[PDB]
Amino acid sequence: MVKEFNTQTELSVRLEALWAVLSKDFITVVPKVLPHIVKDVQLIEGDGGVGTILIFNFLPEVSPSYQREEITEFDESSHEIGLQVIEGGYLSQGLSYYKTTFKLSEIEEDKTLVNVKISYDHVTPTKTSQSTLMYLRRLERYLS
């Protein structure tokens, strides 16, 4: 059955700057901040927001060589974005279901809380969450 893993991190960045890169401007950023993992990101379908489909192409040494993700939730007013893996990635490594939901909140002008919810069924969320948190901290440094 689908289980959940929740974690969070506070980043030293403005909410709106983090929201823009997280939710919309990530296509050139992911390969720049995860160059050991992601070769490029392709927009497959959609124009942003719900129903958008993405391909993440990994480095040649990586198997599976890609992951297909879909934006399943998008809410500007609450700064929430959810992405479901629909092909490849962790689904090729024993997961039957995998979704990541990010929610941003303002703590102070230059401090933003990121809540991370991973929904999964069957590679553990303890480990996969570390990768997701590393990505978030990399967005903080990109923006700083």
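In case it trips you up, residue 1 is the first one in the sequence shown, and so on.
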Between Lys127 and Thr128, count the deposited residues left without coordinates and pick a bin: none, 1 to 3, 4 to 9, 10 or more. none
Which is higher on mean Cα B factor in this entry, 10 to 18 or 129 to 137? 10 to 18
Please work out which of 81 to 89 and 101 to 109 has the higher mean CA B-factor as recorded in the PDB entry. 101 to 109
Say you rank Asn115, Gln42, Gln67, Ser63 by Cα B-factor from the PDB entry; which sits at the top? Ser63
Of the options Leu54, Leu34, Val50, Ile27, which has the highest CA B factor as deposited? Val50
